[PDB]
Amino acid sequence: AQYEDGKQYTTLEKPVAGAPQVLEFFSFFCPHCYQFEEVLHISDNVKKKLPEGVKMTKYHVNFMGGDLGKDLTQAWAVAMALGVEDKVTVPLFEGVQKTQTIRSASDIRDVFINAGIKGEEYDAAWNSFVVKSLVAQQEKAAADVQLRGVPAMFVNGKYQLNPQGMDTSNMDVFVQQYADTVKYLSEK
């Protein structure tokens, strides 16, 4: 077949019930994740090809970057709670991987302040039990699929994208292959 298990995707032997339709995991410490965001715009290109009626979910993971890794998972919970993902994603990536100016929870906070989220509002969210449970949700989703690597994308709790199985001579062609695979898996 054109799309084959073990080629563009793998199938989870232990499927995950109730999982989000399109679920992406990333880390601000993750170099392919940086590429996926700034150079490839994977999430965006996937969304443009998904059917009417599907929501996309993106969660941060703990297993990279130790203490700062966890802080970032909490900050991403804050970003989801306040709905400011599209404002902090790039400066967090660049602060961690490019300028390396993010070294503490305070430095993460600075990114949000510079993005126009008020201090009061950030700190209130940071310490909120709504953010606690959003952190809990990120960890649980990752735990359910035994996640040891990012970037990762899962479709309907049953299929995992396999970007290693797609051509990388052309960045554009890779992105469309990725997105088309998501669509196909989606319709499966």
Side-chain angles (χ1 to χ4, degrees), residues 9-34 36-37 42-44 46-47 50 53-93 95-97 102-113 115-161 182 185-186:
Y9 67 100
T10 53
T11 313
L12 300 178
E13 47 198 315
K14 228 154 178 70
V16 176
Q21 310 174 267
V22 181
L23 181 53
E24 288 189 282
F25 296 99
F26 78 108
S27 175
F28 286 114
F29 280 95
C30 159
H32 286 131
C33 301
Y34 188 108
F36 268 41
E37 169 66 28
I42 288 290
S43 293
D44 190 48
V46 168
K47 156 179 205 142
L50 289 176
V54 344
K55 72 183 310 304
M56 283 177 77
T57 303
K58 174 140 79 197
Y59 290 159
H60 198 267
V61 305
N62 291 340
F63 60 80
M64 303 192 73
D67 209 84
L68 249 192
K70 287 209 63 163
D71 278 323
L72 282 168
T73 297
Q74 197 163 339
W76 188 246
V78 172
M80 290 191 288
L82 298 179
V84 298
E85 297 96 323
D86 295 348
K87 286 161 179 190
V88 298
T89 291
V90 165
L92 286 168
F93 265 119
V96 179
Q97 302 190 38
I102 292 180
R103 303 183 227 77
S104 67
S106 182
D107 296 336
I108 296 172
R109 182 173 185 276
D110 287 348
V111 167
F112 282 71
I113 295 304
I117 292 85
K118 298 164 178 182
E120 187 178 356
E121 194 184 354
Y122 183 88
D123 301 334
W126 182 269
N127 289 296
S128 77
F129 282 83
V130 164
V131 158
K132 306 220 188 303
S133 69
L134 236 24
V135 170
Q137 290 167 223
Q138 291 180 93
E139 295 185 11
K140 175 164 184 300
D144 289 347
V145 301
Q146 217 166 320
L147 184 71
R148 94 177 76 91
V150 287
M153 185 179 297
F154 296 86
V155 180
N156 293 139
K158 196 163 30 203
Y159 306 110
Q160 183 183 346
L161 274 284
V182 180
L185 289 179
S186 165

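Note that these values count all heavy atoms, side chains included, but never hydrogens, waters or copies made by symmetry. Position 1 is the first residue of the sequence, and the numbers go up from there.
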key: Polar contact flag, side-chain donor to acceptor under 3.5 angstrom, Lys58-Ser43   = yes
note = dist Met56:CE -> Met153:CE (nearest 0.5 Å) comes out at 5.0 Å
Shortest non-hydrogen contact between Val135 and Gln74, atoms and distance = CG2-CA, 3.7 Å
task = Could you please spell out the steps behind the side chain to side chain contact (heavy atoms under 4.5 Å, CB included) verdict for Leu72 and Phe29?
result = CA-CA 9 Å; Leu72 282 168; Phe29 280 95; 3.6 Å; yes
task = Go through the steps to decide whether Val61 and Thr73 satisfy the test side chain to side chain contact (heavy atoms under 4.5 Å, CB included), and finish with yes or no.
result = CA-CA 6 Å; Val61 305; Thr73 297; 5.6 Å; no
Side-chain heavy-atom pair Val96, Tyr34 within 4.5 angstrom cut-off = no
ask   = Do side-chain atoms of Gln97 reach the backbone of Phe28 as a donor and acceptor pair under 3.5 angstrom?
value = yes
task = Might you point out which heavy atoms bring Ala75 and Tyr122 nearest each other, and give the distance in Å?
result = CB-OH, 4.0 Å
ask   = Do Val22 and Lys55 have side-chain heavy atoms sitting under 4.5 Å apart?
value = no
request  = Please answer whether the main-chain N or O of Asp107 pairs with a side-chain N or O of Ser104 as donor and acceptor at a distance below 3.5 Å.
outcome  = yes
request  = Given side chain to side chain contact (heavy atoms under 4.5 Å, CB included), test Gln146 with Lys14 step by step and report yes or no.
outcome  = CA-CA 10 Å; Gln146 217 166 320; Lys14 228 154 178 70; over 6 Å; no
Exam field: side chain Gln160 to backbone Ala152, donor-acceptor pair closer than 3.5 Å = no
Shortest non-hydrogen contact from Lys132 toward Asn127 = NZ-O, 3.9 Å
ask   = Given side chains that start at C-beta, do those of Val155 and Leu23 come closer than 4.5 Å, heavy atoms only?
value = no
task = State the CZ-CE distance between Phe26 and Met64, to the nearest 0.5 angstrom.
result = 12.0 Å
message = If I take atom CG from residue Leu92 and atom NE2 from residue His60, how far apart are they, to the nearest 0.5 angstrom?
response = 8.5 Å
Minimum heavy-atom distance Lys158-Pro15, with the two atoms named = CG-CB, 4.3 Å
ask   = Does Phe154 have its ring centroid less than 6.0 Å away from the ring centroid of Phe25?
value = yes
task = For the pair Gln21 (side chain) and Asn156 (backbone), establish whether a donor and an acceptor sit closer than 3.5 Å, ignoring hydrogens and angles.
result = no
note = So CZ of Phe112 and CD1 of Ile117: to nearest 0.5 Å the spacing works out to 6.5 Å
message = For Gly157 versus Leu12, what's the shortest heavy-atom pair and its separation?
response = O-CD1, 3.7 Å
task = Show the numbers, then the answer: is there a side chain to side chain contact (heavy atoms under 4.5 Å, CB included) between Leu185 and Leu161?
result = CA-CA 9 Å; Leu185 289 179; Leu161 274 284; 3.8 Å; yes
CD on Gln137 to OG1 on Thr57, rounded to 0.5 Å = 9.5 Å
ask   = What is the distance from atom OG of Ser27 to atom CH2 of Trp76, rounded to the nearest 0.5 Å?
value = 11.5 Å
task = For the pair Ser133 (side chain) and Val130 (backbone), establish whether a donor and an acceptor sit closer than 3.5 Å, ignoring hydrogens and angles.
result = yes
inquiry  = I need the minimum non-hydrogen distance between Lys118 and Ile113, along with the two atoms involved.
reply    = C-CD1, 4.1 Å
key: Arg109 vs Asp123, salt bridge (charged side-chain N to carboxylate O under 4.0 Å, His left out): CA-CA, chis, key distance, verdict   = CA-CA 9 Å; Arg109 182 173 185 276; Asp123 301 334; 2.8 Å; yes
ask   = Is there side-chain contact between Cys33 and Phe93, with at least one heavy-atom pair below 4.5 Å?
value = yes
